[PDB]
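J.: Take this structure, written in structure tokens, and hold onto it; I'll ask about it next.
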Amino acid sequence: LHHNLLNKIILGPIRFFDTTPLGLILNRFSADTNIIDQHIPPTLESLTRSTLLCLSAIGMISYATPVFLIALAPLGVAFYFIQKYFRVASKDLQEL
Amino acid sequence: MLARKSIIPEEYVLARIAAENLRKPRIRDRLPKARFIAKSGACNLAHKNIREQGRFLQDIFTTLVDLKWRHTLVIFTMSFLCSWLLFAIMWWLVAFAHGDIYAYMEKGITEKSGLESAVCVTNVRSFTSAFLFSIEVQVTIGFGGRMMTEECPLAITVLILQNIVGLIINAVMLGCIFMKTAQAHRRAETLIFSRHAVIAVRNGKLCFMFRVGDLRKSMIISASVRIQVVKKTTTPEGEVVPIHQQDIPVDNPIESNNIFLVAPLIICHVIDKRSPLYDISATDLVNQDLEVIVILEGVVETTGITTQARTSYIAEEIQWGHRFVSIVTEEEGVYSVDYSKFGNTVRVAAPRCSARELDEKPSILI
Amino acid sequence: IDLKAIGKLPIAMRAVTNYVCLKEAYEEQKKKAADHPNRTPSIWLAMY
Amino acid sequence: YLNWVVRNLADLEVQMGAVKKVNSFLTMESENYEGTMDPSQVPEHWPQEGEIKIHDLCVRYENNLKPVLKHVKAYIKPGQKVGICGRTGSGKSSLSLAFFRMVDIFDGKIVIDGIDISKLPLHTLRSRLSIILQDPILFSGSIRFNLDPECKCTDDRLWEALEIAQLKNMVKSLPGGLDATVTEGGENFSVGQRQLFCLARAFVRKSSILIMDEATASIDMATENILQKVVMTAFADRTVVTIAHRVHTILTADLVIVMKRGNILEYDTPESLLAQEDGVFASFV
Amino acid sequence: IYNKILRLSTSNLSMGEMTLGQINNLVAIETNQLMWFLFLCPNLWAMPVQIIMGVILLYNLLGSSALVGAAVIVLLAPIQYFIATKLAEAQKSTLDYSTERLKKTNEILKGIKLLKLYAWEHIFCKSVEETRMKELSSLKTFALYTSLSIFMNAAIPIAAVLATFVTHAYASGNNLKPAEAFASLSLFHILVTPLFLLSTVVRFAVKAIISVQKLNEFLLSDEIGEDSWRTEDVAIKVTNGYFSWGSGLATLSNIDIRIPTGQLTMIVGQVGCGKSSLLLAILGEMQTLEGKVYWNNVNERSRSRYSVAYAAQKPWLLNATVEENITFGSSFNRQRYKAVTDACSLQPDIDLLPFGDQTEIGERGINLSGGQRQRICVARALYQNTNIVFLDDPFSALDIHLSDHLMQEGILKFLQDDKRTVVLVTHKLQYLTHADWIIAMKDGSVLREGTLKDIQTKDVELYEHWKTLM
Ligand SMILES: COc1ccc(Cl)cc1C(=O)NCCc1ccc(S(=O)(=O)NC(=O)NC2CCCCC2)cc1
Ligand SMILES: Nc1ncnc2c1ncn2[C@@H]1O[C@H](COP(=O)(O)OP(=O)(O)OP(=O)(O)O)[C@@H](O)[C@H]1O
């Protein structure tokens, strides 16, 4: 990602450096690069580990006792709403 | 879990468009607007810090009378069920104590006895029977396979108490239903106002005009029109009158404030010296802190209830230079009006000077 | 949710109240320390 | 473990929304990278003799009608020395751009040395000419090598002369080695030193077909640097089609220019052209 | 930290080569580290409780193999501490290389114009690429160690479980019991969660103690006071034998002042020895030892009770809007602001900038040059009404002497319409107009701020020669 970004920024039109802030290029080249280098890998690993553990757990629970999956529909419904609403608000709060 | 432990990145670089774009205004007005009363009634003032007077249970009853029809049935039903249940429990306890349950169970396990000469309240044997006996006593059904013998006076006390309380409940609920049935014409108010206001030229001076109409096939009696201007002023000696409401005449053939409301109308208001609209010009009347209120009063002959209808105008909505299209038109055999041309306005020759000068420079030409 | 709807802070957790308490507590330490010959005032025991 | 999922999902949303910025930026594709595949790469050994103005020179340094040509041409035989007269049309934006086909070589025909420059790769076209504008301010570190990346002969073998192209070091004993140039600093004399570096690069490069932009300090030192440049680079045949704040370079201009707000005509004769026509520019001071 | 920052000394002994970086760090990191320790405070004295209880209700559930299991699991902490330390060292090296790459990137991106024209982008990109290769060769170790951390933290518990259960059949005599095995697995999860957080807590806490040290190194610092609490026509006076700066060595010593209103006394002396110092000291931010301190109004005074504006030899522009810059605490008044903008001839400068008075200025924005910054400083100067105005080397590095003439006309036009005494200082004596006083010195005061007429023929001709010959 970084090599492609750096080899495609420099070979640029004059209008690109003209019409944009002389900080936005640098900001999205430093802060974003650091985030996607040393902060994104762990986030992806954590998400994958947690969701796989949860899925396997709910699978074995469902396999053991059938009545759980009859209760799955309500709980799952609940999950969706939570998994929706947080994600809408949290970002805004973080952006503050 | 501890998202940002690595706190080291700080003040490395941000240096960006946050406000230093220089081609976009940094400021965000956000455009909040405050009017004296909302466009659709609902005077929006702010009372606060008022010495409160507490509450009293008569207010709770007052709420009981004013309910939507889908809640009166619910409170009715709940009241009835709770009363029947409560007295059923009282009767069940009475039956338990006096030794009636045991007597009936023991002499009905073996049918040899057939004895009902010494019982407090005949043929009450379970809570089911008690909750069917209480039904037979409250609603005045009285099925009567369950008499009350005369002996145990506690039962008689319970009967007197329950009959009287049941009558109270019946009377109050009947009263609520009748009161809500009598005041049933009183749906709401449906007075339709034009939204946009013109300042045309007519009869040698300017104007101030809008349109108003009804929908109910009953016209409104002794209708009165009042027009006021809301602005902050001070005395020449300098005192802050926070939101001075000034009354201004609405023109009429004899200078009286009644109007007869059957086909929609123009409500003129000639600008003259005393009027606060003496000093407002064309390019001026987009920037001003003013609010013109209109107050319509009358009675509806059907329901016999006095009604007051409110609306509000600001200088921003008012569009100089227009007038109202003649909504009426002589049809094939009978007059008619299309309310679809309500907010429609057209433009015609409009002087751009101020009425302050429309007599100062005495040429009807501007 | 722009800054207009996040509100000004609650009455007791604003800047001034906290400033005042930390300063008072630190003095309550500095006055004790001044009589003490060879001990300086610090932050940790003052925060308690 | 059912709580980490939502939080980490929000974090992933924020981070991917961040990466969207780089993915969007990378889509920029312009300042066309190409060459017209000429044999011998449009000889750069050739582009050291003469130059001609482009007739109907229509630069594309805008989205609407450019100030280079509203059907505007120039009347130049080869070797037509020029000067500066105007505000924006006669300046270092369109004129300098089409000088060496570096900024918007689209229309007109600026055929450097007779050959169509517009059909040239950026490398050869930009490296067959040296241009310096105001203060360069584009280097970090030491000045020993920063002057050129592949100059083996004309700099090391002429060591005092390489710095002496405009102004010899004379403080190279105090600094370690040939140079240890400060981090974007020493700007006082560096105002002239940027031009000095351009002159050194364009004298080492053995091209000498360059137009050099204005100075800005207007101090005596800028005058001395301009005089030295004229003595060394502009004394040689190909000289500057310059623009400047002070009108002191019209000494040997042959056809002045009035590229401005109105007409794009730049027509001037052989002798009195510098004076009579420039009454506005000569009366500005 | 802020309220202690405001009342700090500007002497060169304390505020010096490392004064703004240390303060910035002490405000941006150490305060944050103390906060994030107080956030994780209780886990310090709760994790031990949980671990002890875990060992207890593991022994009473799985026999004497549970002690072995607890010893197995506990080893999660030392491994995590070691991994964290190595990770931190790797992170420091990576951060250094990242800063280097960022400096190079800003140098090759901001200077794009020359790079665009001379086409030197294809050759100087290899340097950034090589630095990126260095960055990857420094980050690989960080990624490897963090992967080792993730693997060990997820896996050590299962090995501990394996040992604790296996140990029983081969060694213990409990035969078979499915229910007992299930209980052990559940109690294990709780212990595992509590361990890793505790190792991380000890490391953040170690940073906290270190940070606190810095915090109580700052809040004890050199400050000017014990005089800042003390609240005819000439408003400046002294009977001093010394008002110096550092440790002894009386610097602005053996002087005296008299500055009546309406004057324009330009402190002009040997260029190189304390003009800035005397002027700054009268403002009251130097180590007053053996002087007579006086700045008391006439008919109104508390510490001169009025703000003497300034723009010292290093002009400073607030990192805010240009309008706020000019106002610097001034309610909007278009007359004064327009007159000051015209009097510095800032209209062409404002127009050629991005957006005039709407655009941000200074660092963290579209920048200016030295002459522009000088102009901004003098703009902040002229707009400060209701004051005994002043300045110090405002135009010394300014654009031109023509701008000096324009500013002279503006200074006469605006300030003199009021009665604001303006006391500049410069070695440029040519603009010696309106000398209602003149203070001179040679590493210490020379003569009084009298009229030019009395100075020029006070039987002191060397003064006239020195001032005019410039
Ligand atoms: C969650 O830890 C533990 C897990 C297990 C155990 Cl046995 C103990 C702990 C523990 O002792 N934890 C410390 C207390 C704690 C917990 C969660 C969180 S948090 O809400 O997840 N993170 C944030 O709030 N960050 C914001 C960012 C913006 C500024 C303000 C802070 C923050 C602090
Ligand atoms: N045919 C109608 N029926 C009900 N209300 C109407 C009608 N015509 C106008 N009004 C009233 O006029 C007010 C102004 O509404 P609005 O500006 O949206 O429409 P308009 O331009 O007045 O009329 P139209 O919608 O016919 O163009 C509204 O409060 C609306 O209730």
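Identifiers in this document derive from the order of the structure tokens: chains are assigned A, B, ..., residues are numbered from 1 separately in each chain, and ligands are numbered from 1 in order of occurrence.
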Residues of chain B within 12 Å of chain D, using only C-alpha atoms, as a ChimeraX atom specification?

T.: /B:1-4

J.: List the neighbours of residue 43 in chain C out to 10 Å using only C-alpha atoms; skip same-chain residues closer than 4 positions along the sequence, and give me the result as a PyMOL selection string.

T.: (chain C and resi 22+25-26+29+47-48) or (chain E and resi 212-213+215-216+219)

J.: Could those selected residues go to a file with C-alpha atoms, as a PDB file, in the first residue's frame?

T.:
ATOM      1  CA  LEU C  22      -6.197  20.387  43.714  1.00  0.00           C
ATOM      2  CA  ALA C  25      -4.899  20.056  48.748  1.00  0.00           C
ATOM      3  CA  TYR C  26      -1.409  20.750  47.473  1.00  0.00           C
ATOM      4  CA  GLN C  29       0.839  19.622  51.860  1.00  0.00           C
ATOM      5  CA  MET C  47      -3.960  14.131  45.501  1.00  0.00           C
ATOM      6  CA  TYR C  48      -5.071  11.772  48.260  1.00  0.00           C
TER       7      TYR C  48
ATOM      8  CA  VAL E 212       4.962  12.122  38.095  1.00  0.00           C
ATOM      9  CA  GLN E 213       8.675  12.704  38.687  1.00  0.00           C
ATOM     10  CA  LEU E 215       5.542  16.768  36.954  1.00  0.00           C
ATOM     11  CA  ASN E 216       7.086  17.636  40.304  1.00  0.00           C
ATOM     12  CA  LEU E 219       6.007  22.784  39.238  1.00  0.00           C
TER      13      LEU E 219
END

J.: Enumerate residues in contact with ligand 2: an atom-to-atom distance of at most 10 Å, counting only C-alpha atoms and all ligand atoms. Format the result as an NGL selection string.

T.: :B and (39-40 or 190-196 or 211-215 or 338-345)

J.: Write out, as a PDB file, in the first residue's frame, the residues just selected, with C-alpha atoms.

T.:
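Below is the file that was written, result23.pdb:
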ATOM      1  CA  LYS B  39     -46.633  29.055  12.250  1.00  0.00           C
ATOM      2  CA  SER B  40     -49.401  26.648  13.360  1.00  0.00           C
ATOM      3  CA  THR B 190     -59.733  24.148  11.225  1.00  0.00           C
ATOM      4  CA  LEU B 191     -59.136  27.752  10.187  1.00  0.00           C
ATOM      5  CA  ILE B 192     -56.978  27.927   7.047  1.00  0.00           C
ATOM      6  CA  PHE B 193     -54.611  30.864   6.562  1.00  0.00           C
ATOM      7  CA  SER B 194     -52.638  31.991   3.576  1.00  0.00           C
ATOM      8  CA  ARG B 195     -48.937  31.867   4.368  1.00  0.00           C
ATOM      9  CA  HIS B 196     -47.406  34.544   2.139  1.00  0.00           C
ATOM     10  CA  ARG B 211     -56.132  35.206   2.775  1.00  0.00           C
ATOM     11  CA  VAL B 212     -58.208  33.256   5.296  1.00  0.00           C
ATOM     12  CA  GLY B 213     -60.947  30.664   4.954  1.00  0.00           C
ATOM     13  CA  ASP B 214     -62.849  27.916   6.709  1.00  0.00           C
ATOM     14  CA  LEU B 215     -63.627  24.317   6.038  1.00  0.00           C
ATOM     15  CA  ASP B 338     -60.489  26.776  -5.846  1.00  0.00           C
ATOM     16  CA  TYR B 339     -58.468  26.757  -2.628  1.00  0.00           C
ATOM     17  CA  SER B 340     -55.676  25.236  -4.729  1.00  0.00           C
ATOM     18  CA  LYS B 341     -54.693  28.790  -5.644  1.00  0.00           C
ATOM     19  CA  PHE B 342     -54.302  29.697  -1.958  1.00  0.00           C
ATOM     20  CA  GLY B 343     -50.579  30.424  -1.641  1.00  0.00           C
ATOM     21  CA  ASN B 344     -50.292  31.447  -5.277  1.00  0.00           C
ATOM     22  CA  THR B 345     -49.238  35.078  -5.715  1.00  0.00           C
TER      23      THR B 345
END

J.: Considering only C-alpha atoms, tabulate each residue of chain D that lies at most 10 Å from chain E along with its nearest interatomic pair and the corresponding distance in Å to one decimal; arrange the rows by chain and ascending residue number and present them as JSON lines.

T.:
{"residue": "D:96", "atom": "CA", "partner": "E:117", "partner_atom": "CA", "distance": 9.6}
{"residue": "D:97", "atom": "CA", "partner": "E:117", "partner_atom": "CA", "distance": 8.5}
{"residue": "D:100", "atom": "CA", "partner": "E:117", "partner_atom": "CA", "distance": 9.1}
{"residue": "D:101", "atom": "CA", "partner": "E:117", "partner_atom": "CA", "distance": 9.6}
{"residue": "D:102", "atom": "CA", "partner": "E:117", "partner_atom": "CA", "distance": 6.2}
{"residue": "D:103", "atom": "CA", "partner": "E:117", "partner_atom": "CA", "distance": 7.8}
{"residue": "D:122", "atom": "CA", "partner": "E:119", "partner_atom": "CA", "distance": 7.1}
{"residue": "D:123", "atom": "CA", "partner": "E:119", "partner_atom": "CA", "distance": 6.5}
{"residue": "D:124", "atom": "CA", "partner": "E:119", "partner_atom": "CA", "distance": 9.4}
{"residue": "D:125", "atom": "CA", "partner": "E:119", "partner_atom": "CA", "distance": 9.2}
{"residue": "D:126", "atom": "CA", "partner": "E:118", "partner_atom": "CA", "distance": 5.8}
{"residue": "D:127", "atom": "CA", "partner": "E:118", "partner_atom": "CA", "distance": 7.0}
{"residue": "D:128", "atom": "CA", "partner": "E:118", "partner_atom": "CA", "distance": 9.8}
{"residue": "D:129", "atom": "CA", "partner": "E:118", "partner_atom": "CA", "distance": 8.3}
{"residue": "D:130", "atom": "CA", "partner": "E:118", "partner_atom": "CA", "distance": 6.9}
{"residue": "D:131", "atom": "CA", "partner": "E:118", "partner_atom": "CA", "distance": 6.9}
{"residue": "D:132", "atom": "CA", "partner": "E:114", "partner_atom": "CA", "distance": 7.8}
{"residue": "D:133", "atom": "CA", "partner": "E:114", "partner_atom": "CA", "distance": 8.0}
{"residue": "D:135", "atom": "CA", "partner": "E:114", "partner_atom": "CA", "distance": 9.6}
{"residue": "D:136", "atom": "CA", "partner": "E:114", "partner_atom": "CA", "distance": 6.4}
{"residue": "D:137", "atom": "CA", "partner": "E:111", "partner_atom": "CA", "distance": 6.8}
{"residue": "D:138", "atom": "CA", "partner": "E:111", "partner_atom": "CA", "distance": 5.1}
{"residue": "D:139", "atom": "CA", "partner": "E:107", "partner_atom": "CA", "distance": 7.2}
{"residue": "D:140", "atom": "CA", "partner": "E:107", "partner_atom": "CA", "distance": 7.1}
{"residue": "D:148", "atom": "CA", "partner": "E:120", "partner_atom": "CA", "distance": 9.5}
{"residue": "D:149", "atom": "CA", "partner": "E:123", "partner_atom": "CA", "distance": 7.7}
{"residue": "D:150", "atom": "CA", "partner": "E:123", "partner_atom": "CA", "distance": 9.9}
{"residue": "D:183", "atom": "CA", "partner": "E:107", "partner_atom": "CA", "distance": 9.7}
{"residue": "D:184", "atom": "CA", "partner": "E:107", "partner_atom": "CA", "distance": 8.7}
{"residue": "D:198", "atom": "CA", "partner": "E:118", "partner_atom": "CA", "distance": 9.8}
{"residue": "D:217", "atom": "CA", "partner": "E:399", "partner_atom": "CA", "distance": 9.0}
{"residue": "D:218", "atom": "CA", "partner": "E:400", "partner_atom": "CA", "distance": 9.9}
{"residue": "D:219", "atom": "CA", "partner": "E:400", "partner_atom": "CA", "distance": 9.8}

J.: Restrict the selected residues to C-alpha atoms and save them as a compact mmCIF listing (two decimals), in the first residue's frame.

T.:
# COMPACT_ATOMS: atom_id res chain seq x y z
CA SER D 96 7.85 30.01 -18.44
CA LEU D 97 5.55 27.01 -18.77
CA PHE D 100 10.49 24.20 -21.89
CA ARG D 101 7.18 22.29 -22.22
CA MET D 102 7.01 21.56 -18.49
CA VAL D 103 3.51 22.87 -17.62
CA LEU D 122 9.14 14.92 -19.16
CA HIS D 123 12.71 13.80 -18.42
CA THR D 124 14.43 14.84 -21.65
CA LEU D 125 12.31 17.97 -22.13
CA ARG D 126 12.86 19.27 -18.58
CA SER D 127 16.55 18.26 -18.61
CA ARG D 128 17.35 20.12 -21.85
CA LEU D 129 16.85 23.42 -19.97
CA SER D 130 17.45 24.90 -16.52
CA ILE D 131 14.94 27.26 -14.87
CA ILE D 132 15.17 29.08 -11.53
CA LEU D 133 12.33 31.07 -9.95
CA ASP D 135 14.30 31.42 -4.07
CA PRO D 136 14.38 27.67 -4.78
CA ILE D 137 14.20 26.34 -1.16
CA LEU D 138 14.20 22.67 -2.26
CA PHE D 139 16.97 20.72 -0.58
CA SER D 140 17.90 19.22 2.70
CA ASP D 148 23.22 17.70 -9.43
CA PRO D 149 22.65 13.93 -9.17
CA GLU D 150 24.77 12.79 -12.13
CA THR D 183 18.36 22.31 7.08
CA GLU D 184 16.43 24.65 4.77
CA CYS D 198 20.56 27.08 -11.05
CA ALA D 217 14.87 40.82 -2.63
CA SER D 218 15.64 43.85 -4.85
CA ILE D 219 18.71 44.40 -2.66

J.: Return the neighbours of chain E among the residues of chain A, cut-off 10 Å, counting only C-alpha atoms, as a VMD selection string.

T.: chain A and resid 2 to 3 6 to 7 9 to 14 17 21 to 23 25 to 27 29 to 31 33 to 34 37 to 38 41 to 42 45 to 46

J.: To one decimal place in Å, what is the distance between CA of residue 128 in chain B and CA of residue 80 in chain B?

T.: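 Straight-line distance from CA of residue 128 in chain B to CA of residue 80 in chain B works out to 17.3 Å.
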
J.: Please list as number ranges by chain every residue within 12 Å of residue 236 in chain D, counting only C-alpha atoms and excluding residues in the same chain fewer than 5 positions away.

T.: D: 48-50, 202-203, 206-210, 229-231

J.: Find the residues near ligand 1. Use a cut-off of 9 Å, count only C-alpha atoms and all ligand atoms, and write them as a list in words.

T.: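 If we count only C-alpha atoms and all ligand atoms, the neighbours of ligand 1 turn out to be residues 94 of chain A; 1, 2, 3, 4 and 5 of chain B; 7 of chain D; 36, 37, 38, 39, 40, 41, 42, 43, 44, 46, 47, 50, 190, 191, 193, 194, 195, 196, 197, 198 and 201 of chain E.
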
J.: Pick out the chain C residues within 9 Å of chain A. Count only C-alpha atoms. Give them as JSON, numbers by chain.

T.: {"C": [1, 2, 3]}

J.: Restrict the distance test to only C-alpha atoms, flag each residue of chain A within 8 Å of chain D, and return the flagged residues as a list in words.

T.: residues 4, 5, 8, 9, 11, 12, 13, 14, 16, 28, 29, 32, 35, 36, 40, 43, 44, 46, 47, 50, 51, 53, 54, 83, 86, 87, 90 and 91 of chain A

J.: Any chance you can output those residues with N, CA, C and O atoms as a short mmCIF file (atom, residue, chain, number, x, y, z; two decimals), in the first residue's frame?

T.:
data_model
loop_
_atom_site.label_atom_id
_atom_site.label_comp_id
_atom_site.auth_asym_id
_atom_site.auth_seq_id
_atom_site.Cartn_x
_atom_site.Cartn_y
_atom_site.Cartn_z
N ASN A 4 2.85 1.80 -3.33
CA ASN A 4 2.00 2.26 -4.42
C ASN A 4 1.56 3.71 -4.21
O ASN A 4 1.57 4.51 -5.15
N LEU A 5 1.20 4.05 -2.97
CA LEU A 5 0.75 5.41 -2.70
C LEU A 5 1.86 6.41 -3.00
O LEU A 5 1.63 7.44 -3.65
N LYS A 8 2.51 6.83 -6.72
CA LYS A 8 1.44 7.48 -7.46
C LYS A 8 1.17 8.92 -7.05
O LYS A 8 0.56 9.66 -7.83
N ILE A 9 1.60 9.35 -5.86
CA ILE A 9 1.46 10.76 -5.50
C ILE A 9 2.41 11.65 -6.31
O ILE A 9 2.00 12.67 -6.86
N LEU A 11 4.15 11.42 -9.15
CA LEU A 11 3.81 11.61 -10.56
C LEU A 11 2.40 12.19 -10.64
O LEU A 11 1.43 11.52 -11.00
N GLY A 12 2.31 13.47 -10.27
CA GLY A 12 1.03 14.12 -10.12
C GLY A 12 0.82 15.34 -10.99
O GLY A 12 1.76 16.04 -11.38
N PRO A 13 -0.44 15.62 -11.32
CA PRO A 13 -0.77 16.88 -12.01
C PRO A 13 -0.51 18.09 -11.14
O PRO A 13 -0.60 18.03 -9.91
N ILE A 14 -0.19 19.20 -11.79
CA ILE A 14 0.00 20.45 -11.06
C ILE A 14 -1.27 20.83 -10.32
O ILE A 14 -1.22 21.35 -9.20
N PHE A 16 -3.37 18.99 -8.83
CA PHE A 16 -3.56 18.28 -7.57
C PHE A 16 -2.92 19.03 -6.40
O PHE A 16 -3.58 19.28 -5.39
N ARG A 28 -2.59 12.84 5.38
CA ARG A 28 -3.04 11.52 4.96
C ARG A 28 -1.89 10.65 4.50
O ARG A 28 -2.11 9.49 4.14
N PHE A 29 -0.67 11.18 4.50
CA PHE A 29 0.50 10.37 4.24
C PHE A 29 1.22 9.95 5.51
O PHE A 29 1.90 8.92 5.51
N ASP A 32 -2.38 8.58 8.52
CA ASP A 32 -3.06 7.41 7.97
C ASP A 32 -2.09 6.26 7.76
O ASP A 32 -2.43 5.10 8.02
N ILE A 35 -1.45 4.66 11.08
CA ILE A 35 -2.61 3.91 11.54
C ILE A 35 -2.71 2.57 10.81
O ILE A 35 -2.89 1.52 11.43
N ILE A 36 -2.63 2.60 9.48
CA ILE A 36 -2.76 1.37 8.70
C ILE A 36 -1.53 0.49 8.74
O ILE A 36 -1.56 -0.62 8.20
N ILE A 40 -3.85 -1.05 12.60
CA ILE A 40 -4.92 -1.78 11.91
C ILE A 40 -4.75 -3.29 12.04
O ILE A 40 -5.75 -4.01 12.21
N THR A 43 -6.27 -4.59 15.25
CA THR A 43 -7.73 -4.48 15.25
C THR A 43 -8.35 -5.62 14.46
O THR A 43 -9.31 -6.25 14.91
N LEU A 44 -7.80 -5.90 13.28
CA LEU A 44 -8.35 -6.98 12.48
C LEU A 44 -8.19 -8.32 13.19
O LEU A 44 -9.11 -9.14 13.20
N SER A 46 -8.04 -8.89 16.44
CA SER A 46 -8.99 -8.97 17.55
C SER A 46 -10.40 -9.25 17.06
O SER A 46 -11.10 -10.10 17.63
N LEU A 47 -10.83 -8.57 16.00
CA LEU A 47 -12.18 -8.80 15.49
C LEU A 47 -12.34 -10.24 15.05
O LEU A 47 -13.33 -10.89 15.39
N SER A 50 -12.37 -12.71 18.17
CA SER A 50 -13.59 -12.62 18.96
C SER A 50 -14.78 -13.21 18.21
O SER A 50 -15.55 -14.00 18.77
N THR A 51 -14.94 -12.85 16.94
CA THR A 51 -16.12 -13.32 16.24
C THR A 51 -16.06 -14.81 16.00
O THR A 51 -17.09 -15.48 16.09
N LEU A 53 -14.55 -17.06 17.99
CA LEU A 53 -14.84 -17.70 19.27
C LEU A 53 -16.33 -17.66 19.58
O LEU A 53 -16.93 -18.67 19.95
N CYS A 54 -16.95 -16.49 19.38
CA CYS A 54 -18.38 -16.38 19.65
C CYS A 54 -19.19 -17.30 18.76
O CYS A 54 -20.13 -17.96 19.22
N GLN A 83 -25.85 -3.81 17.51
CA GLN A 83 -24.74 -3.75 16.58
C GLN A 83 -24.94 -2.66 15.56
O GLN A 83 -23.97 -2.21 14.95
N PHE A 86 -24.98 1.47 18.23
CA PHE A 86 -23.65 1.85 18.67
C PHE A 86 -22.82 2.35 17.49
O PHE A 86 -22.31 3.48 17.52
N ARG A 87 -22.73 1.55 16.43
CA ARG A 87 -21.83 1.90 15.33
C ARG A 87 -22.19 3.24 14.72
O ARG A 87 -21.32 3.91 14.16
N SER A 90 -21.15 5.85 18.03
CA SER A 90 -19.77 5.83 18.51
C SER A 90 -18.85 6.64 17.61
O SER A 90 -18.11 7.51 18.09
N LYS A 91 -18.91 6.40 16.30
CA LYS A 91 -18.07 7.14 15.37
C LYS A 91 -18.21 8.63 15.60
O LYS A 91 -17.22 9.32 15.83
#
